[PDB]
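> experimental structure below, sequence on top.
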Amino acid sequence: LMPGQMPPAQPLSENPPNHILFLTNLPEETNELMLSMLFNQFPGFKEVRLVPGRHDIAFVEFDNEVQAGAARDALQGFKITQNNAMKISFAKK
């Protein structure tokens, strides 16, 4: 049988994964309202997390701690604008 709600795997490098993804290469005008829409349209969404002093990086949670890893491969390099492509990766707790 399946392992059920199996925990997320590590990214392309050694790192402790968690219920949230690290976004990268975001536009210079990003905000929680826009970031929320581009994740709320997915088959799973819970919350979003921003960091001050930044605009090219952010954090986002999917339906649950498991399914954020699914959105990683699903949103890899979101062409939010002509100069910025949202990279998706596992954040660190």
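Perfect, thanks for sending it. Residues are numbered from 1 along each chain as shown.

> what about the nearest residue to residue 62 once chain neighbours are set aside, neighbour count?
Sequence neighbours aside, residue 68 is the residue nearest to residue 62 in space, at 3.9 Å (criterion: C-beta to C-beta, 6 or more residues apart in numbering). In short, each C-beta sits where N, CA and C put it, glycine included. By the criterion of other C-beta atoms under 10 Å, residue 68 has 26 neighbours.

> now the strands: where do they sit in this protein?
21-24, 47-49, 58-61, 78-81, 84-90 (DSSP state E).

> closest to residue 6 out of those?
With C-beta to C-beta, the closest approach to residue 6 among the strands of the chain belongs to strand 84-90: 14.4 Å.

> for residue 11, what are its contacts?
Counting by C-beta atoms under 8 Å, 6 or more residues apart in numbering, residue 11 touches 17, 72, 89-90.

> go on, residue 68?
Residue 68 touches 8, 19-21, 60-62, counting by C-beta under 8 Å, 6+ apart.

> can you name the two of those that are farthest apart?
8 and 60 (13.8 Å).

> the more surrounded of the two?
Each of residue 8 and residue 60 has its neighbours counted (other C-beta under 10 Å); residue 60 has more, 26 against 17.

> residue contacts, the more buried one?
Per C-beta under 8 Å, 6+ apart, neighbours of residue 60: 20-21, 23, 35, 39, 47-49, 68, 71.

> with residue 30 instead?
Per C-beta under 8 Å, 6+ apart, neighbours of residue 30: 55-56, 58, 80.

> next one: residue 56
Neighbour list for residue 56: 24-26, 28, 30, 84 [criterion: C-beta under 8 Å, 6+ apart].
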